[PDB]
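**Student:** Below is a structure I'd like to ask you about.
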Protein chains: 2
Amino acid sequence: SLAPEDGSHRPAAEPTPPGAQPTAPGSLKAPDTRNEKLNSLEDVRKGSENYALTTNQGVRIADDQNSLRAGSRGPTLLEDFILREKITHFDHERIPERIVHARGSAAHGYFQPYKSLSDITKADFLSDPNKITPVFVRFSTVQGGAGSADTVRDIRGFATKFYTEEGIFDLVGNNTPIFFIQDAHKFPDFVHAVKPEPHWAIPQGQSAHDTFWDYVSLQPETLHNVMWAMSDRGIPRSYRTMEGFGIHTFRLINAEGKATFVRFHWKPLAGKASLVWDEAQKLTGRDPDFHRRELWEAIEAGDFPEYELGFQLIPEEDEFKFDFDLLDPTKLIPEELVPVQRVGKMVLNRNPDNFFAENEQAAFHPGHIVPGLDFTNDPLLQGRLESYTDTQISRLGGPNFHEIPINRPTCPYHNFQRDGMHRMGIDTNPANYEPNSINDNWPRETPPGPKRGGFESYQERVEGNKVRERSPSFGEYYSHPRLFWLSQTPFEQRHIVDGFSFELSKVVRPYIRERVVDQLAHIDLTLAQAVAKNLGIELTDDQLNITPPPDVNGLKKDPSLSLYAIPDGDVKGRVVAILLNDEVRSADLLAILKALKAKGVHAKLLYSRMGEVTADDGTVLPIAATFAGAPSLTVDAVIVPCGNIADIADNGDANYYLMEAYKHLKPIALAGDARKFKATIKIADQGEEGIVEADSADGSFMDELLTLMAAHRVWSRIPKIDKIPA
Amino acid sequence: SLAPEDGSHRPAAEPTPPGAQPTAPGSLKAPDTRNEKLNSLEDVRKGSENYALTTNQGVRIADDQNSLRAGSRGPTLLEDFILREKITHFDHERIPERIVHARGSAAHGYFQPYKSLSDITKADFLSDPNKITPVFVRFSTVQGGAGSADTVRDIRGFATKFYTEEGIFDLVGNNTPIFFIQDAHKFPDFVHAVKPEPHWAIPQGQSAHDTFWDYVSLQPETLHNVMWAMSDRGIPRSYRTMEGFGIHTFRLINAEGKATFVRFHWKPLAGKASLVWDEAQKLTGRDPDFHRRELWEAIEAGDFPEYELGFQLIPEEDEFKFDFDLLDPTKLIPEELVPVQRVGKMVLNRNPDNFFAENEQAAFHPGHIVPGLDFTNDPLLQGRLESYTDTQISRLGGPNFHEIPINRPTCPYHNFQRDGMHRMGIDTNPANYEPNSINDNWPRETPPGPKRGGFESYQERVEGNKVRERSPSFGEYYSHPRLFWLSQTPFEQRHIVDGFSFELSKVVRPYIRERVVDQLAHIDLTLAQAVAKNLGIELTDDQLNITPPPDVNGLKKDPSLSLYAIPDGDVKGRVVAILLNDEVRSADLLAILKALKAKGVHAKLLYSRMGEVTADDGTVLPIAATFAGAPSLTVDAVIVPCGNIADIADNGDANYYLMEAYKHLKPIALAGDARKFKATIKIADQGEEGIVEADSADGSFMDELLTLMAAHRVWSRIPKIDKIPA
Ligand code: HEM
Ligand code: HEM
């Protein structure tokens, strides 16, 4: 039962493009990629080659194929300890999934700042451009279970654990700059509303159901983040192509004790890019693991996800100078008002070894801050501090979750805490309390100071009575949704209208749809009317007369809120499908692959069967997947080289591949006789912007294709796609 | 007063068709549907209307919108015990999912036998045709998490908890009559091989990956259940339209002590029906909850799932009379050799009230038998008995899982077991041990007997040495795979070839595909050649010459193994999409809808937007969903009535609706000018079988459509669909 003679069962331990080699554990794929945290896991990494199969007690197993029984057709015997241990371990493999963000995908990397930030913070990880901090990052959806699909419409989580020299800092953020609700007390109400309904546990991975829109209609504070969710921000192309935000205002504290308010940002260096809805929903069926897969394969290819950390900084004295409250997590701070200052770069460059041990058991918590950082009174941040430690006690089995290898600090940790389930550390200290004289009081408290000091909270002034009351300054709900709406391109606005229309059409109780349309009328009449028309609802005269909400500190728009208004495309790490035929013109393929390789764009060679095809010059071309096996949903663009086109001209799947790519606004390039396929997509002898066409695939043909790919999608095609039946 | 004045927020408590009303908890939807188990849950059912909101300690809450803070913009205070309790409960909502069969859907119902089976078993629930036993049934997939999709290719679980007067009996079966493996010792290997791969946790809900086919290629005992998984058995249209089987041979024991060997079957009274692959895969995207939904809605409609329990019975003297071992769970007993005797009927007639409390916490275990049943030495059944109690200790938090309301027997339970986490029962017995005098030895042991006796095991002779050894009688792997193959229709054989070809195409290491193909060549050369051709693999001369395995006791086919060879269609509960236009011929719609209603077939009225359209005669037609919102994947047949066809003739969604339906072999009917859509699907002027067309929807148009629906799909269309780009 052995490995093939040719070694083909084992991936090469070098970077390789997606599909070229089977995927593997990060330490076997990239053994020479290291960082302090990855090295520190070596105490628990376990190999396998050349070792005997044993029980967990170290007893060699002779027959792992059979239970012990009284005769070979007889009853199994109670004394089979080998069977019992193996089955008992299997029986207890599962642990509770995260209450939210159960579905997530993670990787290791490192961070470093561009310059010391000691003027504004004493945080050690921000103190020196040449001090590298290992990180572990998990990206996630919110609503669905661990086994739900990746490319749903949802908010995404973006959690980073920095293993710093002065402690672990977890920056536990999402991919939009606000949240749905103002006070943590409502969190279980909002999450219950979005999650599968309690009677029948439907729907998975979708906000398109009555209870969510019932809560939204009755809680207008939710409308800002609902706008972001209904836009294409809700369906990113990759975790590499979305923004990250800490949402809350936090504090930075410098050595002089000065507090500066801050909001955290991550900028994706691969650019912002999202799917369109029909593509994202069909992709949850064709590959529900698409984002997990794409992230792992990018890292194996060397297309490391990179993000720039940035800070919006507001001096203490400017706390009240905006027309929103800085502590309200449903309000964003527009970059036109407060620019994002670039802080440092994070690069994710190694996949884990074991998903369960490292991803599933990772515990992030926004209370894990370090000296130089502090909280504010944001009432959603405040309540989050009661949750993340608590939930970890059932999910991870008790209070020693920081000893699970992935969660361990790389810096020293010593205290008087003892015992708890699954206690790993064996403490030698004669004392388990302080103050003590029997160990001369060690370990000892450390005064706060400029570097290496103990944690002290900023001495913020508190004055108020003990109340359960929402601050009046939080009671405005329409101006930020409007700012967001007005900052989108026209095609982005169409996509928002379509998201609301699609979701509300799934709400069974029509009055809820009506109540939501009335809320949209308080944001923008054009948005409200367009959603209403799709729902067969007619706005009343009163609704038509609702005064729009005020501008945000005079802003009519802020283009930083759009995915696409400002070009920032990067083609490196994108993928093209190349549709083969049984006599491919090799000069086309040479030019195609050469130009793709120059820009770091991968290719997948597709055909109507697996195996190989031979090109016109005898080159044997291995086939990656069939047209049906790897649909156009999984690539950024489609190229059809010249060759024996009649081979594929009447193939339904090949035609369909182009129809689906066209519908989803992807660039398509057709060389030589492949231009015969123009007829399937109904599109003119003169040509069309978004369709590259020439006699052969040369320098020019490929430059045009790659230019289109840098703009991500062919938005100008949108009016043409409603008539195509795909 | 947030409810609408008109009361439209609340579903009517009467049966209603899918989509007509919002779905609800079973006890509110169908309060008059009762059984002894449903009544016994009354002690824990909790209402809500007219009651004050409280903490779990009973304290009325005043403000459930805010945390307590020092000033309305100030920090949250540790003393907020109301916040703390609410967030703590939320923080601990999740429990571990089942290790396998985590994705499942459940309902309540009842079973009654047709006649007393006292001559062959003393089981009380089978003793009297007027004896009604409540059941709770959970249907499931195997591989995916609780948040994975329903219409994946997989085996399905079919677990029935019978709440009998002599104890709980759990019949824990699947929808194929064999399992992949022979000995329980291999269960963690096989499950690990099918489950997502451990480095990256991909793929979800799919066996289409290297490790699964690696294990299959190395363990030919798996090939029989692999054949069933690759056939359309692996993609049922509904839980109502698949078979059930206990798989193992068990025993029935009568009052005279005679043992009869038995295998258990469930026959779906709705008939057998499956999807086709492209449809199933796309449906995991458009509605991952499709089976859960369709089951819930069938019960809300009164289309109760009904199944007939049947037994294959083999006398003890005939144990060795077959070419296969009766104790081998990779072998089926052909119904040609051993007919299924009809035993009784089960009807599922009420949904749960709360999915988590009743479905997620339900615990089934095949060791839960009752007097009149017993085990055999089947080595897979034997090892199951060590797993199911064990896994419930972590999944359900301890040894008192039988006190979770859904799992409680309805009959008396008394013993000397005490304590354990979560103990609910407060024992008053002075004694907690036996034998005791202090409570006169109560509760007391009961001798075995004809009725109401204690459990005693059948005194089977055991003779052999203590060995971990597979019986030689189990070492035959290809004859049952071949009997299955030869028993399928030609279109079912095509779908089997396509299943293997699609799955192996996703295996990244080509040598694994080649090894699987070599295994296929040991089953049937035509099968092997067809799969090899789709993989670009050429059989060797040695492969072309392998001799086929022998017939199974002289059979070269058994038609009961086919889903479709023997017509068993039932249209009640099925659904048709009706594609509206803005001036529908109202006489067509009256004819269509009343014809459907007469046969219990549901309809969904679809259009390009929500709201209403108006028919030729002013009739107002309410729209259920848009064409994109309720795709053809979700229906069994498509009817386009006459009207203003121009309204929808150039709508890409409307056209594609028909293309998709056509490709997936569904009946389509076109009335009047709707026949203009014939060009979209390339139908000839003189028409074709499976397309119903007339000048109007009158006369025999609806009878013809309904005849096509009773045969499920238009298999003769398969050669046509190849070309179509959809
Ligand atoms: C701005 C608002 C919030 C953001 C950006 C946020 C972000 C996230 C992210 C990204 C994760 C997943 C971390 C991972 O990958 O493991 C998560 C987990 C979680 N969050 Fe939040 N969250 C927010 C609000 C809240 C609130 C208000 C609460 C409760 C008061 C809460 C409770 C939790 C819990 C219980 C988990 C599961 C954590 C675990 O099991 O380890 N979240 N959150
Ligand atoms: C003929 C072969 C088998 C059949 C028909 C079968 C059927 C099933 C079904 C239908 C369920 C889901 C019950 C529900 O809906 O909750 C399940 C659960 C389970 N099965 Fe099996 N199974 C088989 C083999 C085995 C084997 C060999 C083992 C281990 C020795 C095993 C261990 C388990 C475990 C751990 C669960 C989760 C049960 C729970 O958490 O309550 N199964 N099985």
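Chain labels A, B, ... are given in the sequence in which chains occur in the structure tokens; within each chain residues are numbered consecutively from 1, and ligands are likewise numbered from 1 in the order shown.
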Counting only C-alpha atoms and all ligand atoms, what residues are within 6 Å of ligand 2, given as an NGL selection string?
**Tutor:** (:A and (91)) or (:B and (98-101 or 138-140 or 157-159 or 172-174 or 179 or 184 or 187 or 246-247 or 363-364 or 380 or 383-384 or 387-388 or 391-392))
**Student:** The selected residues should be written to file as an mmCIF file, in the first residue's frame (atoms: N, CA, C and O atoms).
**Tutor:**
```
data_model
loop_
_atom_site.group_PDB
_atom_site.id
_atom_site.type_symbol
_atom_site.label_atom_id
_atom_site.label_comp_id
_atom_site.auth_asym_id
_atom_site.auth_seq_id
_atom_site.Cartn_x
_atom_site.Cartn_y
_atom_site.Cartn_z
ATOM 1 N N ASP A 91 -14.280 9.358 19.069
ATOM 2 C CA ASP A 91 -15.611 9.702 19.621
ATOM 3 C C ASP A 91 -15.602 11.080 20.254
ATOM 4 O O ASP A 91 -16.674 11.687 20.501
ATOM 5 N N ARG B 98 -21.998 16.387 16.229
ATOM 6 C CA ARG B 98 -21.786 14.947 16.123
ATOM 7 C C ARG B 98 -20.495 14.734 15.297
ATOM 8 O O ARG B 98 -20.264 15.423 14.287
ATOM 9 N N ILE B 99 -19.732 13.714 15.689
ATOM 10 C CA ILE B 99 -18.437 13.419 14.986
ATOM 11 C C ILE B 99 -18.713 13.061 13.500
ATOM 12 O O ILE B 99 -17.998 13.521 12.583
ATOM 13 N N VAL B 100 -19.810 12.329 13.239
ATOM 14 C CA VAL B 100 -20.280 12.140 11.857
ATOM 15 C C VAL B 100 -21.793 12.321 11.932
ATOM 16 O O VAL B 100 -22.397 12.305 13.003
ATOM 17 N N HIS B 101 -22.347 12.559 10.752
ATOM 18 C CA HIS B 101 -23.783 12.874 10.641
ATOM 19 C C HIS B 101 -24.137 14.190 11.379
ATOM 20 O O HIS B 101 -25.261 14.396 11.883
ATOM 21 N N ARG B 138 -34.388 11.380 12.726
ATOM 22 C CA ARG B 138 -33.439 12.394 12.238
ATOM 23 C C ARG B 138 -32.754 11.829 10.956
ATOM 24 O O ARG B 138 -32.280 10.672 10.933
ATOM 25 N N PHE B 139 -32.809 12.598 9.876
ATOM 26 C CA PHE B 139 -32.157 12.246 8.622
ATOM 27 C C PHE B 139 -30.920 13.091 8.535
ATOM 28 O O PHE B 139 -30.923 14.206 9.040
ATOM 29 N N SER B 140 -29.863 12.627 7.875
ATOM 30 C CA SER B 140 -28.588 13.371 7.970
ATOM 31 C C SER B 140 -27.743 13.095 6.736
ATOM 32 O O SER B 140 -27.967 12.087 6.038
ATOM 33 N N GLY B 157 -27.919 9.358 6.543
ATOM 34 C CA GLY B 157 -28.396 8.652 7.759
ATOM 35 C C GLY B 157 -29.900 8.715 7.840
ATOM 36 O O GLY B 157 -30.553 9.655 7.346
ATOM 37 N N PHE B 158 -30.466 7.681 8.483
ATOM 38 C CA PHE B 158 -31.955 7.627 8.709
ATOM 39 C C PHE B 158 -32.078 6.918 10.085
ATOM 40 O O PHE B 158 -32.039 5.690 10.192
ATOM 41 N N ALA B 159 -32.213 7.706 11.147
ATOM 42 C CA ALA B 159 -32.210 7.237 12.549
ATOM 43 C C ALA B 159 -33.608 7.421 13.087
ATOM 44 O O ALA B 159 -34.158 8.476 12.946
ATOM 45 N N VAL B 172 -30.828 2.758 13.910
ATOM 46 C CA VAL B 172 -29.874 3.839 13.462
ATOM 47 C C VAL B 172 -29.283 3.350 12.095
ATOM 48 O O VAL B 172 -28.227 2.700 12.018
ATOM 49 N N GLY B 173 -29.918 3.725 11.014
ATOM 50 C CA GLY B 173 -29.641 3.167 9.688
ATOM 51 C C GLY B 173 -29.176 4.205 8.735
ATOM 52 O O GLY B 173 -29.019 5.408 9.092
ATOM 53 N N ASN B 174 -28.881 3.787 7.529
ATOM 54 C CA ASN B 174 -28.498 4.713 6.393
ATOM 55 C C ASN B 174 -29.434 4.469 5.183
ATOM 56 O O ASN B 174 -30.347 3.599 5.204
ATOM 57 N N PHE B 179 -22.368 -0.887 4.233
ATOM 58 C CA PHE B 179 -21.525 0.210 4.638
ATOM 59 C C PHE B 179 -20.187 0.042 3.914
ATOM 60 O O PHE B 179 -19.982 -0.928 3.193
ATOM 61 N N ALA B 184 -15.233 -2.330 12.724
ATOM 62 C CA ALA B 184 -15.255 -1.031 13.398
ATOM 63 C C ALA B 184 -13.911 -0.443 13.690
ATOM 64 O O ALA B 184 -13.762 0.789 13.783
ATOM 65 N N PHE B 187 -13.137 2.297 11.358
ATOM 66 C CA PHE B 187 -14.023 3.449 11.215
ATOM 67 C C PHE B 187 -13.294 4.803 11.274
ATOM 68 O O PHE B 187 -13.513 5.607 10.427
ATOM 69 N N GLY B 246 -31.126 -0.930 8.000
ATOM 70 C CA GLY B 246 -30.374 -1.027 9.202
ATOM 71 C C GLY B 246 -28.986 -1.509 8.887
ATOM 72 O O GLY B 246 -28.129 -1.478 9.785
ATOM 73 N N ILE B 247 -28.778 -2.000 7.655
ATOM 74 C CA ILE B 247 -27.434 -2.564 7.230
ATOM 75 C C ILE B 247 -27.104 -3.903 7.849
ATOM 76 O O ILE B 247 -27.096 -4.900 7.138
ATOM 77 N N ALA B 363 -30.065 11.955 20.996
ATOM 78 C CA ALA B 363 -29.002 10.982 20.980
ATOM 79 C C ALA B 363 -29.554 9.591 20.608
ATOM 80 O O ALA B 363 -30.423 9.063 21.320
ATOM 81 N N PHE B 364 -29.101 9.078 19.476
ATOM 82 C CA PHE B 364 -29.521 7.755 19.009
ATOM 83 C C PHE B 364 -28.372 6.804 19.187
ATOM 84 O O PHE B 364 -27.193 7.232 19.055
ATOM 85 N N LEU B 380 -18.758 -4.857 12.555
ATOM 86 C CA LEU B 380 -18.929 -3.383 12.455
ATOM 87 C C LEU B 380 -20.016 -3.033 13.497
ATOM 88 O O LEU B 380 -19.850 -2.098 14.307
ATOM 89 N N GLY B 383 -18.508 -3.136 17.072
ATOM 90 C CA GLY B 383 -17.758 -1.949 17.515
ATOM 91 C C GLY B 383 -18.547 -0.697 17.643
ATOM 92 O O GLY B 383 -18.190 0.168 18.479
ATOM 93 N N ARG B 384 -19.677 -0.594 16.933
ATOM 94 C CA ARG B 384 -20.610 0.560 17.150
ATOM 95 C C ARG B 384 -21.032 0.635 18.598
ATOM 96 O O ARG B 384 -21.242 1.715 19.143
ATOM 97 N N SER B 387 -19.092 2.951 20.812
ATOM 98 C CA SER B 387 -18.984 4.351 20.433
ATOM 99 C C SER B 387 -20.137 5.236 20.854
ATOM 100 O O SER B 387 -19.948 6.378 21.315
ATOM 101 N N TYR B 388 -21.360 4.788 20.687
ATOM 102 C CA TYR B 388 -22.437 5.782 20.729
ATOM 103 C C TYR B 388 -22.712 6.360 22.108
ATOM 104 O O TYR B 388 -22.871 7.607 22.202
ATOM 105 N N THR B 391 -19.522 8.798 22.959
ATOM 106 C CA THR B 391 -19.410 10.103 22.257
ATOM 107 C C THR B 391 -20.422 11.027 22.908
ATOM 108 O O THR B 391 -20.155 12.204 23.055
ATOM 109 N N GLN B 392 -21.554 10.508 23.399
ATOM 110 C CA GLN B 392 -22.546 11.363 24.011
ATOM 111 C C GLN B 392 -22.038 12.025 25.344
ATOM 112 O O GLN B 392 -22.455 13.130 25.720
#
```
**Student:** Out of segment 645-709 of chain A, which residues get helix (DSSP H, G or I) from DSSP, as JSON, numbers by chain?
**Tutor:** {"A": [646, 647, 648, 649, 652, 653, 654, 655, 656, 657, 658, 659, 660, 661, 662, 663, 672, 673, 674, 675, 676, 677, 678, 679, 699, 700, 701, 702, 703, 704, 705, 706, 707, 708, 709]}
**Student:** Dump N, CA, C and O atoms for the selected residues as a compact mmCIF listing (two decimals), in the first residue's frame?
**Tutor:**
```
# COMPACT_ATOMS: atom_id res chain seq x y z
N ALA A 646 -12.96 23.46 -33.77
CA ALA A 646 -14.11 22.56 -33.93
C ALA A 646 -14.26 21.48 -32.87
O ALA A 646 -15.36 21.00 -32.61
N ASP A 647 -13.14 21.10 -32.26
CA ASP A 647 -13.16 20.14 -31.17
C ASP A 647 -14.11 20.62 -30.03
O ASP A 647 -14.88 19.86 -29.46
N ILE A 648 -14.05 21.89 -29.74
CA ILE A 648 -14.79 22.43 -28.60
C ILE A 648 -15.92 23.38 -29.00
O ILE A 648 -16.73 23.75 -28.16
N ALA A 649 -16.03 23.73 -30.29
CA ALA A 649 -17.04 24.71 -30.70
C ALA A 649 -18.47 24.34 -30.32
O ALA A 649 -19.25 25.24 -30.11
N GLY A 652 -21.15 22.09 -24.97
CA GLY A 652 -22.07 22.92 -24.17
C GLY A 652 -21.35 23.58 -23.03
O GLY A 652 -21.49 24.81 -22.79
N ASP A 653 -20.52 22.78 -22.34
CA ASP A 653 -19.79 23.33 -21.18
C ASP A 653 -18.79 24.41 -21.59
O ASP A 653 -18.63 25.37 -20.88
N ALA A 654 -18.11 24.27 -22.73
CA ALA A 654 -17.14 25.27 -23.16
C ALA A 654 -17.87 26.56 -23.50
O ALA A 654 -17.42 27.65 -23.17
N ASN A 655 -18.98 26.46 -24.23
CA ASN A 655 -19.78 27.66 -24.53
C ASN A 655 -20.30 28.29 -23.23
O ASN A 655 -20.19 29.53 -23.06
N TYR A 656 -20.90 27.44 -22.38
CA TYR A 656 -21.38 27.94 -21.12
C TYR A 656 -20.29 28.64 -20.29
O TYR A 656 -20.55 29.66 -19.68
N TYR A 657 -19.07 28.08 -20.27
CA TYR A 657 -18.00 28.72 -19.53
C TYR A 657 -17.84 30.22 -19.89
O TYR A 657 -17.61 31.10 -19.05
N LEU A 658 -17.86 30.49 -21.18
CA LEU A 658 -17.78 31.85 -21.66
C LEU A 658 -19.01 32.69 -21.36
O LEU A 658 -18.85 33.88 -20.98
N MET A 659 -20.20 32.06 -21.41
CA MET A 659 -21.41 32.80 -21.07
C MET A 659 -21.44 33.22 -19.61
O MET A 659 -21.84 34.35 -19.25
N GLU A 660 -21.09 32.30 -18.74
CA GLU A 660 -20.97 32.61 -17.29
C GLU A 660 -19.86 33.65 -17.01
O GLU A 660 -20.12 34.63 -16.31
N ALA A 661 -18.65 33.50 -17.57
CA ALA A 661 -17.64 34.53 -17.41
C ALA A 661 -18.11 35.90 -17.89
O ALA A 661 -17.89 36.91 -17.24
N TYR A 662 -18.77 35.91 -19.05
CA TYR A 662 -19.25 37.18 -19.60
C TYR A 662 -20.24 37.86 -18.65
O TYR A 662 -20.16 39.04 -18.34
N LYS A 663 -21.20 37.08 -18.19
CA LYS A 663 -22.27 37.54 -17.30
C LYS A 663 -21.62 38.15 -16.06
O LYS A 663 -22.08 39.18 -15.59
N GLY A 672 -7.28 34.04 -32.78
CA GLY A 672 -7.42 33.27 -34.04
C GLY A 672 -8.81 32.74 -34.23
O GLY A 672 -9.77 33.48 -33.99
N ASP A 673 -8.94 31.44 -34.57
CA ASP A 673 -10.28 30.86 -34.78
C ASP A 673 -11.13 30.80 -33.51
O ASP A 673 -12.33 30.60 -33.60
N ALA A 674 -10.55 31.05 -32.33
CA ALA A 674 -11.41 31.02 -31.14
C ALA A 674 -12.39 32.20 -31.17
O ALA A 674 -13.35 32.27 -30.39
N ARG A 675 -12.17 33.12 -32.12
CA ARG A 675 -13.05 34.28 -32.22
C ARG A 675 -14.44 33.81 -32.68
O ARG A 675 -15.41 34.52 -32.55
N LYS A 676 -14.54 32.60 -33.23
CA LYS A 676 -15.86 31.99 -33.54
C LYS A 676 -16.78 31.99 -32.30
O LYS A 676 -18.04 31.96 -32.43
N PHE A 677 -16.18 31.99 -31.11
CA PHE A 677 -17.00 32.01 -29.88
C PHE A 677 -17.66 33.35 -29.61
O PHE A 677 -18.49 33.43 -28.73
N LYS A 678 -17.34 34.39 -30.38
CA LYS A 678 -18.00 35.67 -30.17
C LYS A 678 -19.49 35.53 -30.30
O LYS A 678 -20.25 36.28 -29.66
N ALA A 679 -19.91 34.61 -31.16
CA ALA A 679 -21.34 34.40 -31.42
C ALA A 679 -22.08 33.89 -30.22
O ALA A 679 -23.24 34.27 -30.05
N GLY A 699 2.04 39.89 -27.97
CA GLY A 699 2.42 40.86 -26.94
C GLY A 699 1.25 41.79 -26.72
O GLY A 699 0.81 42.02 -25.55
N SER A 700 0.74 42.29 -27.83
CA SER A 700 -0.33 43.23 -27.78
C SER A 700 -1.63 42.67 -27.13
O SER A 700 -2.26 43.29 -26.29
N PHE A 701 -2.02 41.52 -27.63
CA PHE A 701 -3.20 40.76 -27.15
C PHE A 701 -3.08 40.57 -25.63
O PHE A 701 -4.03 40.83 -24.88
N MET A 702 -1.92 40.12 -25.19
CA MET A 702 -1.76 39.87 -23.73
C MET A 702 -1.71 41.16 -22.91
O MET A 702 -2.19 41.20 -21.76
N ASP A 703 -1.07 42.22 -23.44
CA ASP A 703 -1.11 43.47 -22.68
C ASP A 703 -2.51 43.97 -22.48
O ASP A 703 -2.85 44.49 -21.34
N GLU A 704 -3.34 43.81 -23.51
CA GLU A 704 -4.70 44.30 -23.38
C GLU A 704 -5.45 43.50 -22.32
O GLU A 704 -6.18 44.07 -21.51
N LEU A 705 -5.29 42.19 -22.39
CA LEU A 705 -5.90 41.31 -21.37
C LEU A 705 -5.45 41.69 -19.97
O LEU A 705 -6.29 41.90 -19.08
N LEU A 706 -4.15 41.85 -19.75
CA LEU A 706 -3.69 42.12 -18.43
C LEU A 706 -4.12 43.50 -17.91
O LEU A 706 -4.29 43.70 -16.72
N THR A 707 -4.24 44.47 -18.81
CA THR A 707 -4.83 45.78 -18.47
C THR A 707 -6.28 45.62 -17.97
O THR A 707 -6.61 46.16 -16.90
N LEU A 708 -7.10 44.85 -18.69
CA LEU A 708 -8.45 44.60 -18.23
C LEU A 708 -8.45 43.91 -16.87
O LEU A 708 -9.28 44.27 -15.99
N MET A 709 -7.53 42.98 -16.66
CA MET A 709 -7.50 42.24 -15.36
C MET A 709 -7.10 43.16 -14.18
O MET A 709 -7.56 43.02 -13.05
```
**Student:** What's around segment 538-544 of chain B at 12 Å? Count only C-alpha atoms, leave out sequence neighbours fewer than 2 positions away in its own chain, and write the answer as JSON, numbers by chain.
**Tutor:** {"A": [610, 611, 612], "B": [513, 514, 515, 516, 517, 518, 519, 520, 521, 522, 523, 524, 525, 526, 527, 528, 529, 530, 531, 532, 533, 534, 535, 536, 546, 547, 548]}
**Student:** At a cut-off of 6 Å, which residues of chain A touch chain B? Count only C-alpha atoms and give the answer as a count of residues only.
**Tutor:** 58
**Student:** Residues near segment 28-40 of chain A, anyone? I mean within 9 Å using only C-alpha atoms, not counting same-chain ones fewer than 3 positions away, as a list in words.
**Tutor:**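 That gives residues 11, 12, 13, 14, 15, 23, 24, 25, 43, 44, 108, 109, 110, 132, 133, 134, 135, 136, 163, 300, 349, 350, 351, 353, 405, 406, 408, 409 and 410 of chain A.
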**Student:** Output C-alpha atoms for every residue in the selection just made, as an mmCIF file, in the first residue's frame.
**Tutor:**
```
data_model
loop_
_atom_site.group_PDB
_atom_site.id
_atom_site.type_symbol
_atom_site.label_atom_id
_atom_site.label_comp_id
_atom_site.auth_asym_id
_atom_site.auth_seq_id
_atom_site.Cartn_x
_atom_site.Cartn_y
_atom_site.Cartn_z
ATOM 1 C CA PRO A 11 4.630 17.898 -3.118
ATOM 2 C CA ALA A 12 7.940 19.639 -3.756
ATOM 3 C CA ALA A 13 9.017 21.847 -0.816
ATOM 4 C CA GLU A 14 9.352 24.926 -3.074
ATOM 5 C CA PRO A 15 6.841 27.557 -4.062
ATOM 6 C CA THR A 23 -1.220 21.051 -0.917
ATOM 7 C CA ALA A 24 0.597 20.175 2.265
ATOM 8 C CA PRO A 25 1.296 21.180 5.922
ATOM 9 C CA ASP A 43 8.115 21.143 21.033
ATOM 10 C CA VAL A 44 4.822 19.885 19.853
ATOM 11 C CA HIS A 108 1.216 32.556 10.122
ATOM 12 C CA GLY A 109 3.324 35.648 9.147
ATOM 13 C CA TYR A 110 5.145 38.610 10.591
ATOM 14 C CA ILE A 132 9.795 41.850 13.717
ATOM 15 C CA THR A 133 6.672 40.551 15.456
ATOM 16 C CA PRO A 134 5.317 37.129 14.521
ATOM 17 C CA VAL A 135 1.553 37.073 13.883
ATOM 18 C CA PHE A 136 -1.191 34.511 13.366
ATOM 19 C CA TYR A 163 3.215 37.835 19.633
ATOM 20 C CA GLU A 300 2.150 28.038 -1.244
ATOM 21 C CA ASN A 349 3.964 33.624 4.596
ATOM 22 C CA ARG A 350 3.272 30.139 6.051
ATOM 23 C CA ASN A 351 0.226 27.898 6.333
ATOM 24 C CA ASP A 353 0.501 22.208 9.869
ATOM 25 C CA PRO A 405 0.539 25.804 21.638
ATOM 26 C CA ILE A 406 -0.889 28.291 19.106
ATOM 27 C CA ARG A 408 1.120 30.700 23.894
ATOM 28 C CA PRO A 409 3.130 33.880 24.286
ATOM 29 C CA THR A 410 6.713 33.790 22.973
#
```
